[PDB]
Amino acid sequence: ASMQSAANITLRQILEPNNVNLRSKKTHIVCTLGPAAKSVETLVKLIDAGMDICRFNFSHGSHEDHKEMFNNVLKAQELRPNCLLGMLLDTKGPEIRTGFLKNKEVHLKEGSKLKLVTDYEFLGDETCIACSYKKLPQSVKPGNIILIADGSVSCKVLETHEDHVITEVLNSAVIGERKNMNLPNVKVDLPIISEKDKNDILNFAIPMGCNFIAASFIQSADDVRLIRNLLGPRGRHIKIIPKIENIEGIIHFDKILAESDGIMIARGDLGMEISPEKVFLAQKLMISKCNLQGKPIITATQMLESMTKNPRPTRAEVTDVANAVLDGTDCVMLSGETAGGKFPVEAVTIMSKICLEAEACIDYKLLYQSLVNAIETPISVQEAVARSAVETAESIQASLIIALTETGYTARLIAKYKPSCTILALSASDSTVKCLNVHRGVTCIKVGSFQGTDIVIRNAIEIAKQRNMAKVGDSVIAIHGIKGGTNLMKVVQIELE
């Protein structure tokens, strides 16, 4: 619950321009893949500008271009082999919509009474509109506030009956049809995953190499394990990333985080379920709790979201990305319409530059001590050795922490302590090398199995030099055997003769 991040901003960093390669940044970028952001040329353009994880939802599109979207990613990877992309699938989850209307548009007047019925075939008007949530009367109570069309109107519940509720319109607006609805401070009793979603996961998501499931509208730890149950050993290697989008998720965040492999701060329902002035508290709290537990967090950030002119970001967009990095997020995220419809590459480019600037101003010594003093006394041998690699790297100004890991556990322990240098994770597991992209500062390279540790080390050293991640005269940290008995930390200096 207690938070801190130490920045050290100099006049020199403000004036001297940055020419560091965008992909060397520690913060990773989740980019939602839209219609235009799919030309194999453009995904490569998006890779060069700093995308690390591809995000998609099967809410729209075909089954034809859903997998036409896959192979275009899978071939975009082959045109840039030094970049291993994560694949995240966003579930639809529970969702509440209004019904259809006689005029297909009504002008609800402030102070008027509005009936909400559960018969979804009822064609409504300004006096009575259908709601897709059949259990709406059994969930809300008199005094509860119902939001319609992204909170365009708020309705206070006056009466609850078996098949309908009666509300008072609190503000006058004009509504379309099939608009979204929100029930602040009310638990939605809908199945966490659909039967469409379940087979989209079990038979199409997992065979195509999907690594993350962003579970929409997670409200309890049960929802997480219910999902993990039905994925089975067929999907035992996929990371479940609950999306906290309402009060229920925030109330139970600790136990949801316990069952989770990460957290995603989605741009969407949370803006309507919580007052806007309290959202920034939730974002900062969730990032802190994820940082302390070593769990990765993805934070939605606005960037060229609305442009009625040319693509130059607003000041609030810049500080939103910068402060999310300073708050301690592993990934910043470009959402669907935030690619601007037309400028996805320019948006991720600016985001990468902001991440580099925010990363360069961090006092990593102070950040490390802050983490150490916030984590409990009984840490394991594995965590202590991972701790020692980070502190040794900072003291000697090492260029890399090379972590040998097969399940990714070693690299996650190191990333928990936020080193200033890149964590070069070496794995023989294809599932591991595309699951660790969600952690800040971790760059993975697949290696063969049944190889001596020392051979894998200097082979990583050679390709680190090839990728300009380390030069001659540098020191790098090598850490392996974390599983033991074999927990080990080495310093080796880059030479060649």
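When you see a residue number, it is the position in the sequence shown, counting from 1.
Selected stretch [higher average CA B-factor]: 311-319 or 69-77: In the deposited entry, the stretch with the higher C-alpha B-factor mean is 69-77.
Of 48-56 and 29-37, the one with larger mean CA B-factor: Mean B over CA atoms: larger for 29-37.
Selection by C-alpha B-factor (highest) of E245, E305, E357, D261: It is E305.
Peak C-alpha temperature factor (PDB record), options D254, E383, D327, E177: Of the candidates given, the C-alpha B-factor peaks at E177.
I482 - Cα temperature factor, lowest/middle/highest third of chain: Highest third - that is where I482 ends up once the chain's C-alpha B-factors are sorted.
Third of the chain, ranked by Cα B-factor, where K446 sits: It belongs to the lowest third of the chain when residues are ordered by C-alpha B-factor.
Position of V20 among the chain's modelled residues by C-alpha B-factor, lowest, middle or highest third: For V20, whose C-alpha B-factor we compare with every modelled residue in the chain, the answer is the highest third.
Within-chain third of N459 by Cα B-factor, per the entry: Ranked within chain, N459 CA B lands in the middle tercile.
Record-listed C-alpha B factor of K434: chain third: It falls in the middle third of the chain.
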